[PDB]
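Novice: Let me start by giving you these chains from the complex, positioned as in the assembled structure:
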Amino acid sequence: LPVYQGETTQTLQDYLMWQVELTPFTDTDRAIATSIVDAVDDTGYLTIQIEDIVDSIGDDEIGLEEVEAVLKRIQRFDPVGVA
Amino acid sequence: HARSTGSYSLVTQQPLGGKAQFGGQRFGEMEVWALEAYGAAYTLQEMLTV
């Protein structure tokens, strides 16, 4: 058959996910970071609002301050344009 | 040629191979035979999973 290399970076989204996972994050923290990373466009701007993310979390313990802290840690991500 | 972590294939999820875009070497069956002659079963588990 053809060569079928099948090797490519996932638009750094996989790189971002690995880097966030590479950084020490708690299981709940890792889940929150993964959710935040999922809410990333190709340009690098978040499609969903912080309130939308908190609603998707569906946890009474989850709050705006904790979500903002997680996003700010996520904001200073590995590559540029992670604002 | 060396590699630590590069790109794998879509098919069977293995790295490319013979220095085609930062590839890797290929392990032999005589080699796994010799490893079994050493009997480092945990080494083979690392070899097959890690």
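Specialist: Structure's in. What do you need? Numbers count the residues shown, from 1 in each chain, chains lettered A, B, ... in the order given.

Novice: In chain A, what residue lies closest to chain B?
Specialist: Of all residues in chain A, residue A:6 sits closest to chain B, at 2.7 Å by C-beta to the nearest C-beta. In short, each C-beta sits where N, CA and C put it, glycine included.

Novice: so what's that residue up against?
Specialist: B:8, B:9, B:10, B:11 (C-beta atoms under 8 Å, 6 or more residues apart in numbering or on different chains).

Novice: 10 Å instead, please
Specialist: B:7, B:8, B:9, B:10, B:11, B:12, B:13, B:14, B:16 (C-beta atoms under 10 Å, 6 or more residues apart in numbering or on different chains).

Novice: And for residue A:14?
Specialist: Contacts of residue A:14 (C-beta under 10 Å, 6+ apart): A:8, A:37.

Novice: about what we covered before: buried only: go through the contacts of residue A:6 for me.
Specialist: B:7, B:16 (16 or more other C-beta atoms under 10 Å in any protein chain shown).

Novice: build in chain C:
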Amino acid sequence: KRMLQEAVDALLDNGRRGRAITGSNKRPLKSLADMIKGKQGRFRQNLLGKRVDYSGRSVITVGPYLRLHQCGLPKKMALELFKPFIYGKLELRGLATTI
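Specialist: Okay, here's chain C dropped in alongside the others:
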């Protein structure tokens, strides 16, 4: 229906019954059994034919020094294989607050 049965047979095994070729190529096709059998099947490269990650293609030279419980790894080959170890040491030594 005879066409259909033949086509299904070719899909399973082309080498046994019939000869299917591609455009401008007379070589046969790789049926669902072809990628199982032969030197280029799944069972082949299953016997650890899978590619090696931390490895590859070094040249041999004479070690007059460098006693038996030693070997000479050229430095350019180094710093790559143990790069994760370098990162771990850097983070442990406080030299890289970030990856």
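
Novice: try the contacts of residue A:6 again now we have chain C.
Specialist: Contact analysis of residue A:6 by C-beta under 10 Å, 6+ apart lists B:7, B:8, B:9, B:10, B:11, B:12, B:13, B:14, B:16.

Novice: please redo it, this time with the cut-off set to 7 Å
Specialist: Applying C-beta atoms under 7 Å, 6 or more residues apart in numbering or on different chains, we find residue A:6 in contact with B:9, B:10, B:11.

Novice: again with residue C:29
Specialist: For residue C:29, the contact set (C-beta under 7 Å, 6+ apart) comprises C:14, C:20, C:22.

Novice: if you set the cut-off to 6 Å instead, what comes out?
Specialist: C:14, C:20 (C-beta atoms under 6 Å, 6 or more residues apart in numbering or on different chains).

Novice: Likewise for residue C:99?
Specialist: The contact partners of residue C:99, taken as C-beta under 6 Å, 6+ apart, are A:19, A:22.

Novice: before we move on, the earlier item: so which of the contacts of residue A:6 also contact chain C?
Specialist: Filtering those for proximity to chain C by C-beta under 6 Å from any C-beta of the partner chain leaves nothing.
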